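> My questions all concern the structure below.
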Amino acid sequence: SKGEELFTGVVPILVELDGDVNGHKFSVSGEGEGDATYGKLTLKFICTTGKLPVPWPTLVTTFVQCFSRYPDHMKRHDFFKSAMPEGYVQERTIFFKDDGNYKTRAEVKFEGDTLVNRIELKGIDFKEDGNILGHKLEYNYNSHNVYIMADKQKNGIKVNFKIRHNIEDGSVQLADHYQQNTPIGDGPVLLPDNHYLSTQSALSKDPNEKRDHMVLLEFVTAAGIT
């Protein structure tokens, strides 16, 4: 694979997002690094416009699956790395159960030796007193399975999964994710057999950071094929 070789070592990552949720406009800049050999991501995000109007956990999935660890026997199913360096467009609709939805469009590609994720996010129909605008979500994150299938019609993939956000009262706020990825370049990509990604994430704070921010440590491994 052409793109596979670009991930054998530690790669710097930049994430830039502009969002608008129910009229609340904000921007976030993130920096870190990824080491696909171990399916590892380490990043720090800062809301550059002031206070983030939604809970940080709700943006984790929007903030580079090319850093997932694909076992050697599954390398032929790694669409994400195969689209590099030209990259791919990643689009999602995230439905927050009994609340609003986010629609995102992102471009993930290399700029020099840096992997960049540029995102535009639009959120609508959120309840002012719901778990999102009411900031009722715990500052933590669960482990999930991300299901991937080929989309030959677009020379890309379709992805679906359910994120579980813990609510402060002990309940759970479901966020159903529907996703599509299509290559930016015209080169060939790896269309995969059905499989999934096993994820885990830990959220923390930089004790010396006074700006609204999130520190993220994440591990992801592809599975479902033996």
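Reading the sequence shown from the start, the letters are residues 2 to 64, 68 to 230 in the deposited numbering. Here a beta-carbon is modelled for each residue, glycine too, at the ideal position from N, C-alpha and C.
Are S202 and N149 touching if we call contact CB-CB under 8 Å?
The residue given as residue 202 occupies position 198 in the sequence shown. The residue given as residue 149 occupies position 145 in the sequence shown. The answer is yes: Cβ separation under 8 Å.
> Determine the closest residue to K45 out of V224, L207, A226, with distance taken between C-alpha atoms.
Here residue 45 is taken as the residue at index 44 of the sequence shown, counted from 1. The shortest C-alpha separation from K45 is found at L207.
> Beta strand (DSSP E) containing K41: first to last residue?
One-based indexing of the sequence shown puts residue 41 at position 40. From DSSP, the beta strand (DSSP E) with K41 extends over 41-48.
> DSSP three-state call for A87: helix, strand or coil?
Mapped onto the sequence shown, residue 87 falls at position 83. If DSSP states are grouped into helix, strand and coil, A87 belongs with coil.
> Considering only the alpha carbon of each residue, which of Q204, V219, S205 lies closest to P211?
As a working note, residue 211 is residue 207 in the sequence shown. Among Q204, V219, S205, the Cα nearest to that of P211 is on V219.
> Looking only at C-alpha atoms, which of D76, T49, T186 sits nearest to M88?
By one-based count along the sequence shown, residue 88 stands at place 84. Considering only alpha carbons, the answer is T186.
> If contact is defined by three or more beta carbon pairs under 8 Å, each pair taking one atom from either stretch, is the segment 7-15 in contact with the segment 112-121?
Yes: the two stretches touch, three or more of their Cβ pairs being nearer than 8 Å.
> Could you give the DSSP three-state label for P13: helix, strand or coil?
For the purposes of this step, residue 13 is taken as the residue at position 12 of the sequence shown. Three-state result, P13: strand.
> Rounding to the nearest angstrom, what Cα-Cα distance links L53 and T230 in this structure?
As a position in the sequence shown, residue 53 is number 52, starting the count at 1. As a position in the sequence shown, residue 230 is number 226, starting the count at 1. Rounded to whole angstroms, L53 to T230 spans 42 Å at the Cα level.
> Roughly how many angstroms lie between the CA atoms of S2 and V193, to the nearest whole one?
Here residue 2 is taken as the residue at index 1 of the sequence shown, counted from 1. Here residue 193 is taken as the residue at index 189 of the sequence shown, counted from 1. Rounded to whole angstroms, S2 to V193 spans 9 Å at the Cα level.
> Alpha carbon to alpha carbon, how far is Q157 from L178? Give it in angstroms, no decimals.
Start at 1 with the first residue of the sequence shown, and residue 178 comes out as number 174. Start at 1 with the first residue of the sequence shown, and residue 157 comes out as number 153. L178 and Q157: Cα-Cα distance of roughly 30 Å.
> Run through the segment 183-209 for me and flag every whole beta strand (DSSP E) of 3 or more residues, listed as ranges in chain order.
As far as the segment 183-209 is concerned, its whole beta strand (DSSP E) runs of at least 3 residues are 199-208.
> Look up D155 in the DSSP assignment and give the residues it is bridged to.
By one-based count along the sequence shown, residue 155 stands at place 151. Partner(s): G160.
> Look at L42 and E222 and say whether their C-beta atoms are less than 8 Å apart.
As a position in the sequence shown, residue 42 is number 41, starting the count at 1. As a position in the sequence shown, residue 222 is number 218, starting the count at 1. A contact, by the Cβ cut-off of 8 Å.
> I'd like to know whether the C-beta atoms of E172 and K140 end up nearer to each other than 8 Å.
By 1-based counting over the sequence shown, the position of residue 172 is 168. By 1-based counting over the sequence shown, the position of residue 140 is 136. Yes, the Cβ-Cβ distance between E172 and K140 is below 8 Å.
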